[PDB]
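A short write-up of the structure that comes next.
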Amino acid sequence: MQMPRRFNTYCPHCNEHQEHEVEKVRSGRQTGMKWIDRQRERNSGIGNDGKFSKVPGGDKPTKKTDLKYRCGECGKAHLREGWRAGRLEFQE
Amino acid sequence: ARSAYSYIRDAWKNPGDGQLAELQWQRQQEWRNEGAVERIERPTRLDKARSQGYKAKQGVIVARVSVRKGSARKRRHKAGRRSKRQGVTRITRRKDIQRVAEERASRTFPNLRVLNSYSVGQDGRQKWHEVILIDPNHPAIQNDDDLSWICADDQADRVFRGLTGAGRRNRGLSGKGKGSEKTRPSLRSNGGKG
Amino acid sequence: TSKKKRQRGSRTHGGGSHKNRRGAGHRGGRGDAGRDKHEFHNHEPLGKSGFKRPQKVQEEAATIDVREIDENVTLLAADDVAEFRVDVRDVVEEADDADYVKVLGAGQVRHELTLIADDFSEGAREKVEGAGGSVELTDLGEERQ
RNA sequence: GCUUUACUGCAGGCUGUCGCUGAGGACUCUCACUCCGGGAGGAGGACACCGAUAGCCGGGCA
RNA sequence: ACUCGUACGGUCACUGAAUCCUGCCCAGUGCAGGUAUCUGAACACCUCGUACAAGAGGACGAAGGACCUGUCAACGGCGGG
RNA sequence: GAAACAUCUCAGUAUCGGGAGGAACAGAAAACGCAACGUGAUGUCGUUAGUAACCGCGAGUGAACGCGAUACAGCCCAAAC
Ligand SMILES: C=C1C[C@](OC)([C@H](O)C(=O)N[C@@H]2OCO[C@H]3[C@@H]2O[C@H](C[C@H](O)CO)C(C)(C)[C@@H]3OC)O[C@H](C)[C@@H]1C
Ligand SMILES: [Cl-]
Ligand SMILES: [Cl-]
Ligand SMILES: [Cl-]
Ligand SMILES: [Cl-]
Ligand SMILES: [K+]
Ligand SMILES: [Mg+2]
Ligand SMILES: [Mg+2]
Ligand SMILES: [Mg+2]
Ligand SMILES: [Mg+2]
Ligand SMILES: [Mg+2]
Ligand SMILES: [Mg+2]
Ligand SMILES: [Mg+2]
Ligand SMILES: [Mg+2]
Ligand SMILES: [Mg+2]
Ligand code: NA
Ligand code: NA
Ligand code: NA
Ligand code: NA
Ligand code: NA
Ligand code: NA
Ligand code: NA
Ligand code: NA
Ligand code: NA
Ligand code: NA
Ligand code: NA
Ligand SMILES: [Sr+2]
Ligand SMILES: [Sr+2]
Ligand SMILES: [Sr+2]
Ligand SMILES: [Sr+2]
Ligand SMILES: [Sr+2]
Ligand SMILES: [Sr+2]
Ligand SMILES: [Sr+2]
Ligand SMILES: [Sr+2]
Ligand SMILES: [Sr+2]
Ligand SMILES: [Sr+2]
């Protein structure tokens, strides 16, 4: 399955119908000013840490398509679920 | 106006600038060749001394102590002592150097009692402190209205029980309010969590 | 004759196989052990939820239902008998140290009452005025805006 | 108890950096500091030593 | 400690008198050496950020690694067609 | 103990080194912060409370201000001159 760059769909807002884009979450970096950047040095020292002395985990034989449905006139977006797709093409 | 004293003091506010800078660079050379506990006729920092309780009387002794520098000198572990328990070159002790000093001093003088102590410099590998001790047996002091308190049998070895000012400042007793719930009235009285 | 009392002779004292009542294994682990594995049944799921506001930033109001007042108008002979008029503040227990007193409306109001409190519920009023009565907002309550 | 390219750490070695530490991205110096000399004095020199920290290695050890 | 010791020394390993000999292999691993280039932490440093701080990016860049060479009386190898 | 186990727990427990007294320690606010026109050294007891807070946010860990009580007692230097 591909994905129409601009399809006519609904949205939990204006109680109407407009045009919603398709953009795969470009996410964000690590603040450095979060509740995990502090307890990472407080839950350590000499020895082990458990969750901090642990490492990243594997993945499924596929990755669900994480998105963000931006709006035309509006300009904002919401979040739906994703599908296990090896790839995806936002046709045009 | 300013007291001659306030000059000595105002100087040690930055023992690395001006005349005092030249002094230390010199003295230390002599110091580095002295024992670990040297008695000295007069306090190097007069203001501080007097301020801390010093007096030019009979039975009031002053001694410069020199303790090795660094943090902690901890062995690894004999039996099977895990990771969180392998202290050697990454941890330090619960007693600050000045306290170590005061103690070595009072030991050198098995009859004198610690009054207080102050810093007098430190090169790259040792720190020096002058400690004011007092003879609780010289009437010269038994009479003194300002020092006769240090004679009570319950002042014996007062330093070894952390009754020094620096002793108390280390036992976490400075603050009377927040953050001193586990310290006062006694560290031991608080299952040592301070 | 208690249960324990009759156990002498049972050998197992109710346990069953003399092999049961041994160590913590029998209990599935000490305390809340495996609270999410074998003994996961009926254990508030794992996680952190919501937040709390600093303890000294919390308003704890002393409340009372019009019903409580009404039911004791006549029995409150030590109070005002206007054309009845009562300052709730002098009626609620635990008042002295409450962030403020609020009168909650709930139940009938078989009386004409002149109630005075820090704050009332939009309903406590209806039930008051509708009973041919007035309600007065204390000077304190005068922060409703 | 033992092994290793098991997991996790520690000694320890190597290295950058900060303090000790001074005068005029390559240099001179002498005054701290180190070593040799009985001594005079000689060698070395802001390096090395030591405190702290950072990266690599790290069954020698837990 | 070695050490009242100094390379004809003593340390660390292997083989195991004499005698005849001791082939080939440096790809992996180890050790050692070199290295244009690449990679490479922290401090100081530049830009932005915060009346400060948390923070964002840059810049330089050690050992080490990549990479290259030496080495099997170093761990070991000496097949199939 | 966490039904393994590294953080965590056991526990600042066991054990060790130093030292005082008939009691020790603490103690006259760079306090508190029922934020107030409020309290007024210090221990301790009851409570506050398994509360706030911590924590492979797991197992578990865990105060304080206040309040009611016990007893109450406040002072001396350094410096200025
Ligand atoms: C999908 C999975 C992810 C995860 O959640 C279950 C968890 O998120 C994770 O382990 N790694 C994530 O890395 C990406 O985002 C975070 C996450 O946490 C990291 C720290 C880590 O949790 C403890 O060391 C991190 C470094 C904070 C990181 O920052 C980007 O656990 C399994 C790995 C599971 C398979
Ligand atoms: Cl995606
Ligand atoms: Cl003493
Ligand atoms: Cl809340
Ligand atoms: Cl109060
Ligand atoms: K353990
Ligand atoms: Mg995880
Ligand atoms: Mg020598
Ligand atoms: Mg092992
Ligand atoms: Mg043999
Ligand atoms: Mg267990
Ligand atoms: Mg006590
Ligand atoms: Mg578990
Ligand atoms: Mg604890
Ligand atoms: Mg408090
Ligand atoms: Na902390
Ligand atoms: Na003594
Ligand atoms: Na503490
Ligand atoms: Na049984
Ligand atoms: Na109250
Ligand atoms: Na065995
Ligand atoms: Na090879
Ligand atoms: Na062979
Ligand atoms: Na178990
Ligand atoms: Na085990
Ligand atoms: Na923990
Ligand atoms: Sr912490
Ligand atoms: Sr660590
Ligand atoms: Sr799979
Ligand atoms: Sr004694
Ligand atoms: Sr039973
Ligand atoms: Sr048993
Ligand atoms: Sr589960
Ligand atoms: Sr009450
Ligand atoms: Sr090779
Ligand atoms: Sr009092």
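The way I read the labels, and the way they are meant: chains A, B, ... in the order of the structure tokens, residue 1 as the first residue of every chain, and ligand 1 as the first ligand shown, with later ones counted on from there.
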
Write out as a list in words the residues lying within 10 Å of stretch 7-14 of chain A, counting only C-alpha atoms (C1' of nucleotides) and excluding same-chain residues fewer than 3 positions away.
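The neighbour list is residues 3, 4, 17, 18, 19, 20, 21, 22, 69, 70, 71, 74, 77 and 78 of chain A.
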
Throw together the list of residues within 6 Å of ligand 15, counting only C-alpha atoms (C1' of nucleotides) and all ligand atoms, and drop it here as a PyMOL selection string.
(chain B and resi 178) or (chain F and resi 64-65)

With N, CA and C atoms (P, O5', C5', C4', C3', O3' and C1' of nucleotides) kept, could you save the residues just selected as a PDB file, in the first residue's frame?
ATOM      1  N   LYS B 178      15.596  22.878  57.924  1.00  0.00           N
ATOM      2  CA  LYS B 178      15.546  21.908  56.835  1.00  0.00           C
ATOM      3  C   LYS B 178      16.871  21.202  56.557  1.00  0.00           C
TER       4      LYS B 178
ATOM      5  P     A F  64      10.356  13.274  61.777  1.00  0.00           P
ATOM      6  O5'   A F  64      10.223  14.742  61.187  1.00  0.00           O
ATOM      7  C5'   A F  64      11.383  15.464  60.779  1.00  0.00           C
ATOM      8  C4'   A F  64      10.984  16.671  59.977  1.00  0.00           C
ATOM      9  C3'   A F  64      10.030  17.635  60.659  1.00  0.00           C
ATOM     10  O3'   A F  64      10.727  18.547  61.505  1.00  0.00           O
ATOM     11  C1'   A F  64       9.228  17.143  58.501  1.00  0.00           C
ATOM     12  P     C F  65      10.010  19.133  62.821  1.00  0.00           P
ATOM     13  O5'   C F  65       9.066  20.283  62.261  1.00  0.00           O
ATOM     14  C5'   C F  65       9.604  21.410  61.546  1.00  0.00           C
ATOM     15  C4'   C F  65       8.481  22.276  61.019  1.00  0.00           C
ATOM     16  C3'   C F  65       7.384  22.616  62.019  1.00  0.00           C
ATOM     17  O3'   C F  65       7.719  23.690  62.894  1.00  0.00           O
ATOM     18  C1'   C F  65       6.397  21.903  60.004  1.00  0.00           C
TER      19        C F  65
END

Can you tell me which residues surround residue C:28 at a distance of at most 9 Å, considering only C-alpha atoms (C1' of nucleotides), apart from same-chain residues fewer than 3 positions away, and format the answer as number ranges by chain?
C: 24-25, 31-34, 38-39; F: 3

Set the cut-off to 8 Å, count only C-alpha atoms (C1' of nucleotides) and all ligand atoms, and list whatever residues fall near ligand 33 as a CSV table (one decimal) with N, CA and C atoms, in the first residue's frame.
chain,number,residue,atom,x,y,z
C,36,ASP,N,3.2,-9.5,39.6
C,36,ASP,CA,2.9,-9.2,38.2
C,36,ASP,C,3.2,-10.5,37.4
C,37,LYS,N,3.4,-11.6,38.0
C,37,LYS,CA,3.7,-12.9,37.3
C,37,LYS,C,2.7,-13.9,37.6
C,40,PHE,N,-0.2,-12.2,39.9
C,40,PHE,CA,-0.6,-10.9,39.3
C,40,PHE,C,-2.1,-10.6,39.5

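Using only C-alpha atoms (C1' of nucleotides) and all ligand atoms, residues with at least one atom at most 8 Å away from any atom of ligand 24 are residues 29 of chain C; 1, 2, 3 and 4 of chain F.
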
Kindly export the residues of the current selection with N, CA, C and O atoms (P, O5', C5', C4', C3', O3' and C1' of nucleotides), as a PDB file, in the first residue's frame.
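Ended up saving to out.pdb:
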ATOM      1  N   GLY C  29       6.437 -16.532  47.374  1.00  0.00           N
ATOM      2  CA  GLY C  29       7.473 -15.527  47.477  1.00  0.00           C
ATOM      3  C   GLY C  29       7.157 -14.622  48.646  1.00  0.00           C
ATOM      4  O   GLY C  29       5.995 -14.485  49.027  1.00  0.00           O
TER       5      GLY C  29
ATOM      6  P     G F   1      15.773 -15.432  50.351  1.00  0.00           P
ATOM      7  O5'   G F   1      15.194 -13.957  50.482  1.00  0.00           O
ATOM      8  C5'   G F   1      14.157 -13.645  51.422  1.00  0.00           C
ATOM      9  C4'   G F   1      13.536 -12.319  51.078  1.00  0.00           C
ATOM     10  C3'   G F   1      13.196 -12.165  49.612  1.00  0.00           C
ATOM     11  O3'   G F   1      11.989 -12.810  49.265  1.00  0.00           O
ATOM     12  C1'   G F   1      14.334 -10.235  50.327  1.00  0.00           C
ATOM     13  P     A F   2      11.834 -13.442  47.800  1.00  0.00           P
ATOM     14  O5'   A F   2      11.942 -12.194  46.821  1.00  0.00           O
ATOM     15  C5'   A F   2      10.962 -11.157  46.877  1.00  0.00           C
ATOM     16  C4'   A F   2      11.346 -10.026  45.969  1.00  0.00           C
ATOM     17  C3'   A F   2      11.547 -10.372  44.504  1.00  0.00           C
ATOM     18  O3'   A F   2      10.282 -10.441  43.845  1.00  0.00           O
ATOM     19  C1'   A F   2      13.324  -9.010  45.255  1.00  0.00           C
ATOM     20  P     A F   3      10.199 -10.728  42.263  1.00  0.00           P
ATOM     21  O5'   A F   3      10.612 -12.256  42.108  1.00  0.00           O
ATOM     22  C5'   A F   3       9.795 -13.304  42.653  1.00  0.00           C
ATOM     23  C4'   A F   3      10.558 -14.015  43.737  1.00  0.00           C
ATOM     24  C3'   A F   3      11.784 -14.809  43.271  1.00  0.00           C
ATOM     25  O3'   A F   3      12.934 -14.512  44.080  1.00  0.00           O
ATOM     26  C1'   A F   3      10.398 -16.143  44.658  1.00  0.00           C
ATOM     27  P     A F   4      14.245 -13.843  43.403  1.00  0.00           P
ATOM     28  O5'   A F   4      14.692 -14.874  42.280  1.00  0.00           O
ATOM     29  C5'   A F   4      15.296 -16.129  42.613  1.00  0.00           C
ATOM     30  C4'   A F   4      16.409 -16.431  41.644  1.00  0.00           C
ATOM     31  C3'   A F   4      17.556 -15.434  41.636  1.00  0.00           C
ATOM     32  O3'   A F   4      18.482 -15.659  42.688  1.00  0.00           O
ATOM     33  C1'   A F   4      16.873 -15.787  39.427  1.00  0.00           C
TER      34        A F   4
END

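Interatomic distance, atom 25 (C, counted along the ligand's line) of ligand 1 to atom CA of residue C:52: 26.0 Å.
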
Would you mind listing the residues within 7 Å of ligand 2, counting only C-alpha atoms (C1' of nucleotides) and all ligand atoms, as an NGL selection string?
:A and (24-25 or 64-67)

Compute the set of protein, DNA and RNA residues whose minimum atom distance to ligand 19 is at most 8 Å, using only C-alpha atoms (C1' of nucleotides) and all ligand atoms, and state it as a ChimeraX atom specification.
/C:12-13,15-22

Would you mind telling me which residue in B:81, B:74, B:94, B:2 lies nearest to chain F when using only C-alpha atoms (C1' of nucleotides)?
B:2

Environment of ligand 17 within 9 Å, counting only C-alpha atoms (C1' of nucleotides) and all ligand atoms, reported as a VMD selection string
chain B and resid 103 105 to 114 133 156 to 159

Pick the closest to ligand 27 from F:71, F:31, F:55, F:20: which is it, counting only C-alpha atoms (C1' of nucleotides) and all ligand atoms?
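Nearest to ligand 27: F:55.
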
Give me the residues within 12 Å of residue A:51 as a list in words, counting only C-alpha atoms (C1' of nucleotides) and dropping any in the same chain fewer than 3 places off.
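Those residues are residues 36, 39, 40, 43, 44, 48, 54, 55 and 56 of chain A; 6, 7, 8, 55, 56, 57 and 58 of chain F.
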
Residues from the last selection, N, CA, C and O atoms (P, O5', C5', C4', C3', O3' and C1' of nucleotides), saved as a PDB file, in the first residue's frame:
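See part-v6.pdb below for the written result:
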ATOM      1  N   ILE A  36      14.703  12.334  33.069  1.00  0.00           N
ATOM      2  CA  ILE A  36      15.518  11.135  32.887  1.00  0.00           C
ATOM      3  C   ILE A  36      17.015  11.463  32.776  1.00  0.00           C
ATOM      4  O   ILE A  36      17.864  10.595  32.991  1.00  0.00           O
ATOM      5  N   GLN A  39      17.930  11.693  36.802  1.00  0.00           N
ATOM      6  CA  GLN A  39      17.924  10.441  37.555  1.00  0.00           C
ATOM      7  C   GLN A  39      18.830   9.395  36.909  1.00  0.00           C
ATOM      8  O   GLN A  39      18.893   8.251  37.367  1.00  0.00           O
ATOM      9  N   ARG A  40      19.523   9.786  35.841  1.00  0.00           N
ATOM     10  CA  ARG A  40      20.446   8.883  35.154  1.00  0.00           C
ATOM     11  C   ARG A  40      21.787   8.955  35.879  1.00  0.00           C
ATOM     12  O   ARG A  40      22.582   8.014  35.843  1.00  0.00           O
ATOM     13  N   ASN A  43      20.825   7.606  39.858  1.00  0.00           N
ATOM     14  CA  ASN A  43      20.608   6.165  40.000  1.00  0.00           C
ATOM     15  C   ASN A  43      21.845   5.418  39.498  1.00  0.00           C
ATOM     16  O   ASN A  43      21.730   4.364  38.867  1.00  0.00           O
ATOM     17  N   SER A  44      23.022   5.978  39.781  1.00  0.00           N
ATOM     18  CA  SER A  44      24.292   5.388  39.360  1.00  0.00           C
ATOM     19  C   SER A  44      25.384   5.541  40.425  1.00  0.00           C
ATOM     20  O   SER A  44      25.095   5.599  41.624  1.00  0.00           O
ATOM     21  N   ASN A  48      26.232  -1.294  39.408  1.00  0.00           N
ATOM     22  CA  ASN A  48      25.200  -1.469  38.385  1.00  0.00           C
ATOM     23  C   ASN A  48      24.080  -0.428  38.553  1.00  0.00           C
ATOM     24  O   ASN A  48      24.115   0.384  39.482  1.00  0.00           O
ATOM     25  N   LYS A  54      21.213  -0.905  31.437  1.00  0.00           N
ATOM     26  CA  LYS A  54      20.613  -1.756  30.416  1.00  0.00           C
ATOM     27  C   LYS A  54      20.894  -1.161  29.033  1.00  0.00           C
ATOM     28  O   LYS A  54      21.377  -0.032  28.924  1.00  0.00           O
ATOM     29  N   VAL A  55      20.595  -1.923  27.984  1.00  0.00           N
ATOM     30  CA  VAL A  55      20.816  -1.464  26.612  1.00  0.00           C
ATOM     31  C   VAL A  55      19.544  -1.594  25.763  1.00  0.00           C
ATOM     32  O   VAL A  55      18.602  -2.289  26.149  1.00  0.00           O
ATOM     33  N   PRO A  56      19.497  -0.914  24.599  1.00  0.00           N
ATOM     34  CA  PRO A  56      18.336  -0.954  23.696  1.00  0.00           C
ATOM     35  C   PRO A  56      17.925  -2.370  23.259  1.00  0.00           C
ATOM     36  O   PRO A  56      18.747  -3.288  23.220  1.00  0.00           O
TER      37      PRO A  56
ATOM     38  P     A F   6      22.929 -10.201  43.047  1.00  0.00           P
ATOM     39  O5'   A F   6      23.711  -8.964  42.434  1.00  0.00           O
ATOM     40  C5'   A F   6      23.695  -8.731  41.035  1.00  0.00           C
ATOM     41  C4'   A F   6      24.271  -7.383  40.726  1.00  0.00           C
ATOM     42  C3'   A F   6      23.474  -6.186  41.221  1.00  0.00           C
ATOM     43  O3'   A F   6      24.342  -5.087  41.417  1.00  0.00           O
ATOM     44  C1'   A F   6      23.380  -6.314  38.854  1.00  0.00           C
ATOM     45  P     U F   7      24.186  -4.173  42.724  1.00  0.00           P
ATOM     46  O5'   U F   7      23.168  -3.028  42.296  1.00  0.00           O
ATOM     47  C5'   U F   7      23.642  -1.785  41.754  1.00  0.00           C
ATOM     48  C4'   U F   7      22.510  -0.793  41.648  1.00  0.00           C
ATOM     49  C3'   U F   7      21.764  -0.476  42.932  1.00  0.00           C
ATOM     50  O3'   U F   7      22.434   0.490  43.719  1.00  0.00           O
ATOM     51  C1'   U F   7      20.211  -0.827  41.198  1.00  0.00           C
ATOM     52  P     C F   8      22.449   0.338  45.314  1.00  0.00           P
ATOM     53  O5'   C F   8      20.947  -0.017  45.693  1.00  0.00           O
ATOM     54  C5'   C F   8      19.901   0.946  45.525  1.00  0.00           C
ATOM     55  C4'   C F   8      18.560   0.300  45.742  1.00  0.00           C
ATOM     56  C3'   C F   8      18.396  -0.479  47.032  1.00  0.00           C
ATOM     57  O3'   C F   8      18.109   0.378  48.114  1.00  0.00           O
ATOM     58  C1'   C F   8      17.530  -1.746  45.255  1.00  0.00           C
ATOM     59  P     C F  55      13.917   8.333  42.601  1.00  0.00           P
ATOM     60  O5'   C F  55      13.718   6.758  42.732  1.00  0.00           O
ATOM     61  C5'   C F  55      14.774   5.920  43.227  1.00  0.00           C
ATOM     62  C4'   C F  55      14.276   4.510  43.411  1.00  0.00           C
ATOM     63  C3'   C F  55      13.584   3.893  42.210  1.00  0.00           C
ATOM     64  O3'   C F  55      14.552   3.354  41.329  1.00  0.00           O
ATOM     65  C1'   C F  55      12.332   3.462  44.164  1.00  0.00           C
ATOM     66  P     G F  56      14.223   3.211  39.770  1.00  0.00           P
ATOM     67  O5'   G F  56      13.479   1.803  39.652  1.00  0.00           O
ATOM     68  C5'   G F  56      14.146   0.556  39.982  1.00  0.00           C
ATOM     69  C4'   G F  56      14.514  -0.201  38.715  1.00  0.00           C
ATOM     70  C3'   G F  56      13.369  -0.619  37.798  1.00  0.00           C
ATOM     71  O3'   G F  56      12.933   0.436  36.949  1.00  0.00           O
ATOM     72  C1'   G F  56      14.877  -2.420  38.041  1.00  0.00           C
ATOM     73  P     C F  57      11.416   0.459  36.433  1.00  0.00           P
ATOM     74  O5'   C F  57      10.565   0.437  37.770  1.00  0.00           O
ATOM     75  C5'   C F  57      10.636   1.521  38.682  1.00  0.00           C
ATOM     76  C4'   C F  57       9.366   1.598  39.471  1.00  0.00           C
ATOM     77  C3'   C F  57       8.113   1.847  38.637  1.00  0.00           C
ATOM     78  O3'   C F  57       6.990   1.275  39.293  1.00  0.00           O
ATOM     79  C1'   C F  57       8.397   3.603  40.163  1.00  0.00           C
ATOM     80  P     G F  58       6.170   0.088  38.597  1.00  0.00           P
ATOM     81  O5'   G F  58       6.867  -1.216  39.180  1.00  0.00           O
ATOM     82  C5'   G F  58       6.867  -1.462  40.595  1.00  0.00           C
ATOM     83  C4'   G F  58       7.490  -2.796  40.889  1.00  0.00           C
ATOM     84  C3'   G F  58       7.542  -3.182  42.355  1.00  0.00           C
ATOM     85  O3'   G F  58       6.319  -3.773  42.757  1.00  0.00           O
ATOM     86  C1'   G F  58       9.636  -3.575  41.360  1.00  0.00           C
TER      87        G F  58
END

Need to verify the contact set: stretch 46-56 of chain B, 8 Å, only C-alpha atoms (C1' of nucleotides), exclusion of same-chain residues closer than 2 positions in sequence. Can you return it as a VMD selection string?
(chain B and resid 5 to 6 8 to 9 42 to 44 58 60 115 to 118 132) or (chain F and resid 77 to 78)

Output N, CA and C atoms (P, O5', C5', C4', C3', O3' and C1' of nucleotides) for every residue in the selection just made, as a PDB file, in the first residue's frame.
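Result saved to result-v8.pdb:
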ATOM      1  N   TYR B   5      44.322  43.872  62.952  1.00  0.00           N
ATOM      2  CA  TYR B   5      43.849  42.519  62.727  1.00  0.00           C
ATOM      3  C   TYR B   5      43.164  42.380  61.377  1.00  0.00           C
ATOM      4  N   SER B   6      42.113  43.168  61.162  1.00  0.00           N
ATOM      5  CA  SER B   6      41.348  43.134  59.914  1.00  0.00           C
ATOM      6  C   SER B   6      42.231  43.185  58.676  1.00  0.00           C
ATOM      7  N   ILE B   8      45.392  41.386  58.486  1.00  0.00           N
ATOM      8  CA  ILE B   8      45.875  40.029  58.331  1.00  0.00           C
ATOM      9  C   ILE B   8      44.766  39.266  57.624  1.00  0.00           C
ATOM     10  N   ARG B   9      43.566  39.350  58.188  1.00  0.00           N
ATOM     11  CA  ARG B   9      42.402  38.664  57.650  1.00  0.00           C
ATOM     12  C   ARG B   9      42.129  39.005  56.210  1.00  0.00           C
ATOM     13  N   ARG B  42      53.825  31.599  67.774  1.00  0.00           N
ATOM     14  CA  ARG B  42      52.709  32.474  67.448  1.00  0.00           C
ATOM     15  C   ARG B  42      51.906  31.994  66.241  1.00  0.00           C
ATOM     16  N   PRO B  43      50.585  32.211  66.272  1.00  0.00           N
ATOM     17  CA  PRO B  43      49.682  31.818  65.194  1.00  0.00           C
ATOM     18  C   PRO B  43      50.040  32.556  63.915  1.00  0.00           C
ATOM     19  N   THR B  44      49.988  31.864  62.785  1.00  0.00           N
ATOM     20  CA  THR B  44      50.288  32.508  61.521  1.00  0.00           C
ATOM     21  C   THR B  44      49.183  33.513  61.175  1.00  0.00           C
ATOM     22  N   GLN B  58      49.025  31.716  79.259  1.00  0.00           N
ATOM     23  CA  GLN B  58      49.774  30.515  79.610  1.00  0.00           C
ATOM     24  C   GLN B  58      48.867  29.299  79.491  1.00  0.00           C
ATOM     25  N   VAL B  60      47.939  28.137  76.448  1.00  0.00           N
ATOM     26  CA  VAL B  60      47.318  28.238  75.138  1.00  0.00           C
ATOM     27  C   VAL B  60      48.399  27.900  74.133  1.00  0.00           C
ATOM     28  N   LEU B 115      40.666  23.475  70.807  1.00  0.00           N
ATOM     29  CA  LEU B 115      39.810  24.638  70.933  1.00  0.00           C
ATOM     30  C   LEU B 115      39.231  24.880  69.550  1.00  0.00           C
ATOM     31  N   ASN B 116      40.102  24.874  68.547  1.00  0.00           N
ATOM     32  CA  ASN B 116      39.692  25.065  67.162  1.00  0.00           C
ATOM     33  C   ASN B 116      40.868  24.961  66.215  1.00  0.00           C
ATOM     34  N   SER B 117      40.613  25.101  64.924  1.00  0.00           N
ATOM     35  CA  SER B 117      41.690  25.009  63.955  1.00  0.00           C
ATOM     36  C   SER B 117      41.393  25.821  62.714  1.00  0.00           C
ATOM     37  N   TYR B 118      42.428  26.135  61.953  1.00  0.00           N
ATOM     38  CA  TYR B 118      42.221  26.893  60.738  1.00  0.00           C
ATOM     39  C   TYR B 118      43.198  26.485  59.655  1.00  0.00           C
ATOM     40  N   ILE B 132      44.518  25.233  67.761  1.00  0.00           N
ATOM     41  CA  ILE B 132      44.662  25.890  69.040  1.00  0.00           C
ATOM     42  C   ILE B 132      44.283  24.897  70.118  1.00  0.00           C
TER      43      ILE B 132
ATOM     44  P     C F  77      32.263  38.205  77.900  1.00  0.00           P
ATOM     45  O5'   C F  77      33.178  37.346  76.921  1.00  0.00           O
ATOM     46  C5'   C F  77      33.966  37.985  75.909  1.00  0.00           C
ATOM     47  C4'   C F  77      34.465  36.968  74.920  1.00  0.00           C
ATOM     48  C3'   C F  77      35.231  37.556  73.752  1.00  0.00           C
ATOM     49  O3'   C F  77      36.596  37.768  74.112  1.00  0.00           O
ATOM     50  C1'   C F  77      33.682  35.934  72.973  1.00  0.00           C
ATOM     51  P     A F  78      37.402  39.028  73.521  1.00  0.00           P
ATOM     52  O5'   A F  78      37.291  38.859  71.943  1.00  0.00           O
ATOM     53  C5'   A F  78      37.973  37.795  71.276  1.00  0.00           C
ATOM     54  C4'   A F  78      37.776  37.899  69.787  1.00  0.00           C
ATOM     55  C3'   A F  78      37.875  39.287  69.201  1.00  0.00           C
ATOM     56  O3'   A F  78      39.213  39.713  69.106  1.00  0.00           O
ATOM     57  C1'   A F  78      36.081  38.143  68.201  1.00  0.00           C
TER      58        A F  78
END

To test your reading of the structure, identify every residue in chain C that backbone DSSP assigns to strand (DSSP E), and report it as JSON, numbers by chain.
{"C": [61, 62, 63, 64, 65, 85, 86, 87, 100, 101, 102, 103, 104, 114, 115, 116, 117, 119, 120, 135, 136, 137]}

Kindly give the distance, in Å, that separates atom CA of residue C:104 and atom CA of residue C:64, rounded to a single decimal.
5.6 Å

Could you give me, as a ChimeraX atom specification, every polymer residue with an atom at most 9 Å away from an atom of ligand 14, counting only C-alpha atoms (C1' of nucleotides) and all ligand atoms?
/B:193 /F:11-12,61-62

Selection export as a PDB file, in the first residue's frame, atoms kept: C-alpha atoms (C1' of nucleotides):
ATOM      1  CA  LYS B 193      21.827   8.409  57.808  1.00  0.00           C
TER       2      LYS B 193
ATOM      3  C1'   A F  11      21.577  -2.211  56.786  1.00  0.00           C
ATOM      4  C1'   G F  12      24.474   2.113  58.273  1.00  0.00           C
ATOM      5  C1'   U F  61      12.236   2.572  51.806  1.00  0.00           C
ATOM      6  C1'   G F  62      10.128   6.792  54.447  1.00  0.00           C
TER       7        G F  62
END

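Taking atom CA of residue B:129 and atom CA of residue B:3 as the two end points, the separation is 24.2 Å.
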
So which residues of chain C fall under alpha helix (DSSP H) by DSSP, listed as a list in words?
residues 3, 4, 5, 6, 66, 67, 68, 69, 70, 71, 122, 123, 124, 125, 126, 127, 128 and 129 of chain C
